[PDB]
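*Asks:* Submitted below is the structure of interest, expressed as structure tokens.
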Amino acid sequence: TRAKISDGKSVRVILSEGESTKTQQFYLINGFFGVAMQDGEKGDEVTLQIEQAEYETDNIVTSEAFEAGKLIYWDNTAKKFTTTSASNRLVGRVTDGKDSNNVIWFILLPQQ
Amino acid sequence: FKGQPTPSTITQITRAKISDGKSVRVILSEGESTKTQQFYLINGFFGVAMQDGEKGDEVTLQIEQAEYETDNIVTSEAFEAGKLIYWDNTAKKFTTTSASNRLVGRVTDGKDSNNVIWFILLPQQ
Amino acid sequence: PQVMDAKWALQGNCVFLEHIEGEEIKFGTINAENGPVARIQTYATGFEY
Amino acid sequence: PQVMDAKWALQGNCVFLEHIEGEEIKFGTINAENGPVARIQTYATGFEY
Numbered sequence: 016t017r018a019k020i021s022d023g024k025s026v027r028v029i030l031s032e033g034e035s036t037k038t039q040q041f042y043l044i045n046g047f048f049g050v051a052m053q054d055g056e057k058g059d060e061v062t063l064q065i066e067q068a069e070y071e072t073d074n075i076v077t078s079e080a081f082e083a084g085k086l087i088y089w090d091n092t093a094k095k096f097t098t099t100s101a102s103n104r105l106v107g108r109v110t111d112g113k114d115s116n117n118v119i120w121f122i123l124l125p126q127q
Numbered sequence: 003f004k005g006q007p008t009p010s011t012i013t014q015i016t017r018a019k020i021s022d023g024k025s026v027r028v029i030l031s032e033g034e035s036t037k038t039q040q041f042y043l044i045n046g047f048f049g050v051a052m053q054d055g056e057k058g059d060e061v062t063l064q065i066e067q068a069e070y071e072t073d074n075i076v077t078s079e080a081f082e083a084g085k086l087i088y089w090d091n092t093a094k095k096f097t098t099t100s101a102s103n104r105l106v107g108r109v110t111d112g113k114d115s116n117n118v119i120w121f122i123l124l125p126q127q
Numbered sequence: 044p045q046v047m048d049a050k051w052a053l054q055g056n057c058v059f060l061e062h063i064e065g066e067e068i069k070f071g072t073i074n075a076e077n078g079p080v081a082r083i084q085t086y087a088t089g090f091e092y
Numbered sequence: 044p045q046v047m048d049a050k051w052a053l054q055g056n057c058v059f060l061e062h063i064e065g066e067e068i069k070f071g072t073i074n075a076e077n078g079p080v081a082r083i084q085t086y087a088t089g090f091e092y
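Protein chains in written order, with the authors' numbering: chain G, 16 to 127; chain X, 3 to 127; chain A, 44 to 92; chain B, 44 to 92.
In structure tokens form, the structure reads like this:
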């Protein structure tokens, strides 16, 4: 027997009645924030990514500059990244700042 | 494909994981410099500057969350195994005091007679 | 057939970036394009005598 | 290596001034030519399928 069962790069979740996820997009489901590898419907099983990896995304609020190094917070209400640092959840730090196309590179964080 | 014979339609397949993210490129500001295998805090990222950089140059920081042999501590403090490690950017030295310093690691091997420490690096929160 | 079917094909996308001493390389991307569709009609004339 | 050697050369400069029967002849000097410097970089990319 071994306590370790998997490397923990990905975690499975079950979609609730108010949640629906499409492939390769960020979704906060059951406290796990990650990239869904399957297009999921209500009460369906999908797999997220918690790989602590550098991730690309443009699903951001386009109001404030995401200069490199600033912490990235995920706002579950609007379903967007932001640097508000309010009650929104912390999810990563910017590696490359926003471009003219509003694209962000950021490193995920361990879900603490 | 410019001048293609036929109006084809291109559909992108999305992909979020741009990279493994074990290290991060960073640009030096005016009041910053680096030399190889030395710890630094540059633009909110803390890691091992694997390359030399002086002024507006690009350097890369190891953030692997592995075990690291550092030295370069505040020698007066005691560093027992298990104690948390904080980076004092003003003094550019590691320390256990948590006044206003960044939390960066936990000691795996205590401060020996030559102030050497082994410690795990933390996820850059 | 009465109406043809579009051709499909996948393509990888990558760009070579400068890789300074021991950094992480940024991965590429795959995408697909599809062709158009064509169809064939019928024509006929005749005589009575 | 990542930085290429710079070629070097030695050159002797001298100028002929017509002597006036009584003036010390001025002597020349030596100058060193230095070549350019070239650097080799590393480019890389990949896919994660």
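Don't be surprised by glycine CBs; every beta carbon is placed ideally from N, CA and C.
Which residue from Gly58(X), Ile20(X), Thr11(X) and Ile15(X) puts its Cα closest to that of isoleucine 29(X)?
*Replies:* Position 27 of the second sequence, counted from the start, is the residue given in the question as residue 29(X). The shortest Cα separation from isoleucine 29(X) among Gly58(X), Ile20(X), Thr11(X) and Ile15(X) belongs to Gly58(X).
*Asks:* For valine 58(A), return the contacting residues in chain B, with the cut-off set at a CB-CB distance below 8 Å.
*Replies:* What you label residue 58(A) is simply residue 15 of the third sequence in a count that begins at 1. Per Cβ cutoff of 8 Å: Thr88.
*Asks:* Are the beta-carbon atoms belonging to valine 106(G) and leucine 63(G) less than 8 Å from one another?
*Replies:* Locating residue 106(G) in the first sequence gives position 91, where the first residue counts as 1. Locating residue 63(G) in the first sequence gives position 48, where the first residue counts as 1. No.
*Asks:* Of all Cβ atoms in chain B, is any one closer than 8 Å to the Cβ of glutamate 67(A)?
*Replies:* Along the third sequence, one-based indexing puts residue 67(A) at 24. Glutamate 67(A) does not count as touching chain B.
*Asks:* In the DSSP output, what is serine 21(X) paired with across the bridge?
*Replies:* Residue mapping note: residue 21(X) aligns to position 19 of the second sequence, counting from 1. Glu69(G).
*Asks:* Between the alpha carbons of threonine 8(X) and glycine 112(G), how many angstroms are there, rounded?
*Replies:* The residue you call residue 8(X) lines up with position 6 of the second sequence. The residue you call residue 112(G) lines up with position 97 of the first sequence. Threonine 8(X) and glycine 112(G): Cα-Cα distance of roughly 38 Å.
*Asks:* Would you check whether the ligand NAP has a heavy atom nearer than 7 Å to the C-beta of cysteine 57(A)?
*Replies:* In terms of ligand content, the structure shown is empty, and the ligand NAP therefore cannot be addressed.
*Asks:* Which of the three DSSP states is assigned to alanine 80(X) in this structure?
*Replies:* The residue you call residue 80(X) lines up with position 78 of the second sequence. Coil, per DSSP.
*Asks:* Report the three-state DSSP secondary structure of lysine 69(A) (helix, strand or coil).
*Replies:* As a first step, residue 69(A) must be located in the third sequence, where it is residue number 26. Of the three classes helix, strand and coil, the one that applies to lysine 69(A) here is coil, per DSSP.
*Asks:* Taking the alpha carbon of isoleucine 73(A) as the point to measure from, which residue in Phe90(A), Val58(A) and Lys50(A) has its own alpha carbon closest?
*Replies:* Working through the third sequence from its first residue, we reach residue 73(A) at position 30. Considering only alpha carbons, the answer is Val58(A).
*Asks:* Quick check: the Cα distance between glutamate 56(G) and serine 31(G), rounded to an integer number of angstroms?
*Replies:* Counting from 1 along the first sequence, the entry for residue 56(G) is found at position 41. Counting from 1 along the first sequence, the entry for residue 31(G) is found at position 16. Rounded to the nearest angstrom, the two C-alpha atoms are 9 Å apart.
*Asks:* Quick one: grab the DSSP three-state call for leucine 60(A).
*Replies:* Residue numbering aside, residue 60(A) sits at position 17 when the third sequence is read from its first letter. The answer is strand: DSSP assigns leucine 60(A) an E or B state.
*Asks:* Would you kindly work out how many angstroms separate the C-alpha atoms of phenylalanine 81(X) and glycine 46(G), rounded to a whole number?
*Replies:* Locating residue 81(X) in the second sequence gives position 79, counting from the first residue. Locating residue 46(G) in the first sequence gives position 31, counting from the first residue. Between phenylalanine 81(X) and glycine 46(G), the C-alpha separation is close to 35 Å.
*Asks:* Excluding the five sequence neighbours on either side, which residues of its own chain have a C-beta within less than 6 Å of the C-beta of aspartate 54(G), listed in chain order?
*Replies:* Locating residue 54(G) in the first sequence gives position 39, where the first residue counts as 1. Only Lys37 and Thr38 meet the Cβ criterion.
*Asks:* Let me know if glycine 23(X) comes out buried or exposed under the rule of 16 or more other beta-carbons within 10 Å of its beta-carbon.
*Replies:* On the second sequence, residue 23(X) is found 21 positions in, with the first residue counted as 1. Buried, since its Cβ has 16 or more Cβ neighbours within 10 Å.
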